[PDB]
Amino acid sequence: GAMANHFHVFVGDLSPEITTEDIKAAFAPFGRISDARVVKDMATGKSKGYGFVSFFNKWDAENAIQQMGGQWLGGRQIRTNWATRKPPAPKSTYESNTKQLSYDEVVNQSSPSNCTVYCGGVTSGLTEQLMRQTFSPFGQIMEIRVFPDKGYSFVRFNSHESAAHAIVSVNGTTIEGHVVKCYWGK
């Protein structure tokens, strides 16, 4: 049938009296077997204590593992464990380009020679000093160019790291009531 629904069970602790033929019969009522094999001695036909079974359907194998989970087959209880361990199919639980402010993502949004941050959203109180004092703890300032009338400013940093850091920190903050937005500028 479909290999996806075929399951291999690893059998162990087989009593020496047990043979390939025995597992076929023993496991058949619990699980439908396509084939079952005991690694047994060629001469005596006695089990070496282990083997494998191929079931036609997944439930059959699983049921058989449980029912034969140390069941008295032969003069002793045998062991079972699943060999073809069916993995569960995942889904996109993580990553699809998380939209947050990743410094790594932000720094790659511009060429490393660009040191300008575009600050927008500050329609009020927008002074050179206000931007300067805010941006300064994030990076070294070279220029502050402001336009309160248009509600934006250009913050010129000394370095690119400084500029990307400013964006990651300032983007989505609030300056005197106005929610600010920052990205790369010219």
# chains A, B, ... in the order shown; residues from 1 in each chain; ligands from 1

call {"tool": "residues_around", "arguments": {"residues": "residue 41 of chain A", "least_positions_apart": "2", "cutoff": "12 Å", "atoms": "only C-alpha atoms", "output": "count of residues only"}}
result
16

call {"tool": "select_by_dssp", "arguments": {"residues": "chain A", "states": "strand (DSSP E)", "output": "ChimeraX atom specification"}}
result
/A:7-12,33-40,47-55,79-82,116-120,141-147,152-157,174-175,178-179,181-184

call {"tool": "closest_residue", "arguments": {"among": "A:165, A:79, A:6, A:160", "to": "residue 138 of chain A", "atoms": "only C-alpha atoms"}}
result
A:165

call {"tool": "closest_residue", "arguments": {"among": "A:170, A:69, A:103, A:110", "to": "residue 131 of chain A", "atoms": "only C-alpha atoms"}}
result
A:170

call {"tool": "atom_distance", "arguments": {"atom1": "atom CA of residue 126 of chain A", "atom2": "atom CA of residue 161 of chain A"}}
result
24.1 Å

call {"tool": "residues_around", "arguments": {"residues": "residue 60 of chain A", "least_positions_apart": "6", "cutoff": "8 Å", "atoms": "only C-alpha atoms", "output": "list in words"}}
result
residues 30, 31 and 32 of chain A

call {"tool": "residues_around", "arguments": {"residues": "residue 8 of chain A", "least_positions_apart": "6", "cutoff": "9 Å", "atoms": "only C-alpha atoms", "output": "ChimeraX atom specification"}}
result
/A:52-55,58,61,82-85

call {"tool": "residues_around", "arguments": {"residues": "residue 157 of chain A", "least_positions_apart": "6", "cutoff": "7 Å", "atoms": "only C-alpha atoms", "output": "PyMOL selection string"}}
result
chain A and resi 115-116+139-142+163

call {"tool": "atom_distance", "arguments": {"atom1": "atom CA of residue 106 of chain A", "atom2": "atom CA of residue 92 of chain A"}}
result
23.5 Å

call {"tool": "residues_around", "arguments": {"residues": "residue 101 of chain A", "least_positions_apart": "4", "cutoff": "10 Å", "atoms": "only C-alpha atoms", "output": "PyMOL selection string"}}
result
chain A and resi 105-106+164-165+167-169+171-172

call {"tool": "select_by_dssp", "arguments": {"residues": "segment 16-179 of chain A", "states": "helix (DSSP H, G or I)", "output": "PyMOL selection string"}}
result
chain A and resi 20-27+58-67+103-107+128-135+160-170

call {"tool": "residues_around", "arguments": {"residues": "residue 29 of chain A", "least_positions_apart": "4", "cutoff": "10 Å", "atoms": "only C-alpha atoms", "output": "ChimeraX atom specification"}}
result
/A:24-25,33,60,64

call {"tool": "write_last_selection", "arguments": {"atoms": "N, CA and C atoms", "output": "PDB file, in the first residue's frame"}}
result
ATOM      1  N   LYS A  24       4.265 -13.809  12.849  1.00  0.00           N
ATOM      2  CA  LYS A  24       3.270 -13.597  11.812  1.00  0.00           C
ATOM      3  C   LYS A  24       1.877 -13.944  12.342  1.00  0.00           C
ATOM      4  N   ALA A  25       1.766 -15.105  12.953  1.00  0.00           N
ATOM      5  CA  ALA A  25       0.507 -15.558  13.520  1.00  0.00           C
ATOM      6  C   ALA A  25       0.104 -14.760  14.771  1.00  0.00           C
ATOM      7  N   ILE A  33      -0.422  -7.683   9.007  1.00  0.00           N
ATOM      8  CA  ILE A  33       0.951  -7.762   8.703  1.00  0.00           C
ATOM      9  C   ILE A  33       1.133  -8.020   7.228  1.00  0.00           C
ATOM     10  N   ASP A  60      -2.550  -0.586  13.191  1.00  0.00           N
ATOM     11  CA  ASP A  60      -2.272  -2.000  13.407  1.00  0.00           C
ATOM     12  C   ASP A  60      -0.977  -2.192  14.130  1.00  0.00           C
ATOM     13  N   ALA A  64      -0.617  -3.296  18.003  1.00  0.00           N
ATOM     14  CA  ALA A  64       0.201  -4.469  18.247  1.00  0.00           C
ATOM     15  C   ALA A  64       1.302  -4.186  19.264  1.00  0.00           C
TER      16      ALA A  64
END

call {"tool": "decode", "arguments": {"residues": "segment 44-166 of chain A", "atoms": "C-alpha atoms", "output": "compact mmCIF listing (two decimals), in the first residue's frame"}}
result
# COMPACT_ATOMS: atom_id res chain seq x y z
CA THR A 44 17.56 -24.56 14.78
CA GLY A 45 15.08 -21.93 13.66
CA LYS A 46 15.32 -20.41 17.09
CA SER A 47 15.03 -16.71 17.59
CA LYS A 48 18.09 -14.66 18.34
CA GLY A 49 15.84 -12.50 20.46
CA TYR A 50 14.88 -9.80 17.97
CA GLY A 51 13.08 -9.04 14.73
CA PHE A 52 10.91 -6.58 12.77
CA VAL A 53 7.34 -6.52 11.48
CA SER A 54 5.89 -4.62 8.54
CA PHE A 55 2.28 -3.68 9.07
CA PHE A 56 -0.13 -2.66 6.36
CA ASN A 57 -1.64 0.13 8.41
CA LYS A 58 -0.33 2.48 11.12
CA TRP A 59 -3.00 1.71 13.72
CA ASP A 60 -2.27 -2.00 13.41
CA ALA A 61 1.33 -1.54 14.30
CA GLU A 62 0.59 0.80 17.15
CA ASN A 63 -2.12 -1.48 18.54
CA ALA A 64 0.20 -4.47 18.25
CA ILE A 65 2.98 -2.61 20.12
CA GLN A 66 0.59 -1.96 23.00
CA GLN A 67 -1.05 -5.42 23.09
CA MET A 68 2.27 -7.16 22.78
CA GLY A 69 3.92 -4.70 25.14
CA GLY A 70 5.56 -7.36 27.18
CA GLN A 71 3.12 -10.04 26.48
CA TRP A 72 3.91 -13.68 27.12
CA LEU A 73 4.96 -14.95 23.75
CA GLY A 74 6.86 -18.12 24.26
CA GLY A 75 8.26 -18.90 27.66
CA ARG A 76 8.77 -15.22 28.42
CA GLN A 77 7.36 -11.74 27.80
CA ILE A 78 8.80 -10.13 24.71
CA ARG A 79 9.68 -6.53 24.01
CA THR A 80 8.28 -4.14 21.43
CA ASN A 81 9.30 -0.67 20.22
CA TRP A 82 8.44 1.32 17.15
CA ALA A 83 11.12 1.51 14.47
CA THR A 84 9.62 3.70 11.78
CA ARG A 85 8.87 6.58 13.99
CA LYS A 86 6.28 8.66 12.19
CA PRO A 87 7.13 12.35 12.56
CA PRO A 88 4.30 14.91 12.79
CA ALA A 89 4.04 17.38 9.94
CA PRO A 90 4.75 20.95 11.16
CA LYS A 91 3.40 24.31 9.99
CA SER A 92 4.76 27.80 9.75
CA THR A 93 4.74 28.56 13.46
CA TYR A 94 7.75 30.79 13.23
CA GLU A 95 9.27 33.08 10.68
CA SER A 96 7.64 34.73 7.72
CA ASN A 97 9.81 37.83 8.09
CA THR A 98 8.78 39.03 11.50
CA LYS A 99 7.96 42.69 11.37
CA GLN A 100 9.69 44.12 14.30
CA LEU A 101 12.66 46.35 14.50
CA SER A 102 15.54 44.05 14.07
CA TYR A 103 18.84 45.96 13.94
CA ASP A 104 20.08 43.40 11.46
CA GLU A 105 17.10 43.95 9.17
CA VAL A 106 17.24 47.75 9.59
CA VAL A 107 20.97 48.02 8.86
CA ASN A 108 20.46 46.00 5.63
CA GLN A 109 17.78 48.46 4.49
CA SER A 110 20.38 50.97 3.49
CA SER A 111 23.86 51.21 2.13
CA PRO A 112 26.45 51.44 5.03
CA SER A 113 27.57 54.87 3.84
CA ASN A 114 24.13 56.34 4.58
CA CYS A 115 24.08 57.89 8.05
CA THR A 116 20.80 59.72 7.83
CA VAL A 117 17.69 58.89 9.82
CA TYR A 118 14.35 60.15 8.66
CA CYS A 119 12.30 61.19 11.61
CA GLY A 120 8.68 61.82 10.84
CA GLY A 121 5.54 62.43 12.80
CA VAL A 122 6.72 65.30 14.92
CA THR A 123 4.45 68.11 13.90
CA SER A 124 4.77 69.91 17.17
CA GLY A 125 7.62 70.95 19.49
CA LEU A 126 10.02 69.98 16.75
CA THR A 127 13.21 71.78 17.43
CA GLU A 128 16.78 70.93 16.67
CA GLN A 129 17.47 70.47 20.34
CA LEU A 130 14.52 68.12 20.86
CA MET A 131 15.75 65.77 18.16
CA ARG A 132 19.38 66.17 19.14
CA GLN A 133 18.81 65.35 22.81
CA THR A 134 16.67 62.36 21.90
CA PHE A 135 18.99 60.90 19.22
CA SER A 136 22.25 61.59 21.13
CA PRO A 137 21.98 58.54 23.61
CA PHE A 138 21.50 56.34 20.55
CA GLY A 139 24.31 57.72 18.46
CA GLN A 140 26.64 60.60 17.70
CA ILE A 141 24.92 63.47 15.99
CA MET A 142 26.42 65.40 13.08
CA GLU A 143 23.41 67.38 11.87
CA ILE A 144 19.85 68.03 12.90
CA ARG A 145 17.63 69.30 10.18
CA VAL A 146 14.05 69.90 11.20
CA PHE A 147 10.82 70.90 9.51
CA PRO A 148 7.97 71.28 12.09
CA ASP A 149 5.67 72.57 9.38
CA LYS A 150 5.97 69.37 7.39
CA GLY A 151 6.31 67.22 10.49
CA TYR A 152 9.68 65.59 9.82
CA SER A 153 13.40 65.89 10.42
CA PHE A 154 16.67 64.52 9.16
CA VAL A 155 19.04 63.32 11.78
CA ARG A 156 22.52 62.92 10.54
CA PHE A 157 24.64 60.48 12.42
CA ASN A 158 28.35 60.01 12.56
CA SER A 159 28.10 56.39 11.74
CA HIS A 160 25.73 53.87 10.19
CA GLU A 161 25.47 51.74 13.35
CA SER A 162 24.37 54.81 15.22
CA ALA A 163 21.77 55.57 12.57
CA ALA A 164 20.30 52.07 12.48
CA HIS A 165 20.22 51.99 16.29
CA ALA A 166 18.31 55.27 16.35
